[PDB]
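What follows is a single chain, given as structure tokens, in the form deposited in one PDB entry.
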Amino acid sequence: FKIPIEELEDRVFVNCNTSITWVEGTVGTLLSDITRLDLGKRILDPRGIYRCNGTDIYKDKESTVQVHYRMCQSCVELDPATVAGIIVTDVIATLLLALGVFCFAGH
């Protein structure tokens, strides 16, 4: 028995035939009716565990759903060679100041 998870225009909604019980994760916002919960925008990674109850001859049963999003929005694409270039140039710059000081040290 699935809990239907639907995606309207840019949000995620937990939909069920009776009221939804939180277990852990994102809290959300109840709409004007009961039985629907608004988990917010999709790019902010909502994650949680929710539990509903049955009617519509699945009556007298119970299910659970876990939600996981990874819209990678704080992420950088970096090669294994550009890291080497950055580390090499920063080392050369610090050694260049270090050579600059003891030409000043006696004058």
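Throughout, rigid core stands for the largest set of C-alpha atoms superposing within 1.5 Å between the two forms. Residue indices: 1-based, along the sequence shown.
One more form of this protein exists, namely the form deposited in another entry; it is left out here, but the text below deals with it.
J.: Once both forms sit on the same rigid core, is the C-alpha displacement of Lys41 at or above 2 Å between this form and the one not shown?
T.: Stays below the 2 Å threshold, so no.
J.: Examine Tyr69 after superposing the rigid core and state whether its CA is displaced by 2 Å or more between this form and the one not shown.
T.: It does not, since the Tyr69 C-alpha is displaced less than 2 Å between this form and the one not shown after the core fit.
J.: Spell out whether the Cα of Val12 moves at least 2 Å between this form and the one not shown when the two forms are superposed on their rigid core.
T.: After core superposition, the displacement of the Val12 C-alpha between this form and the one not shown stays below 2 Å, so no.
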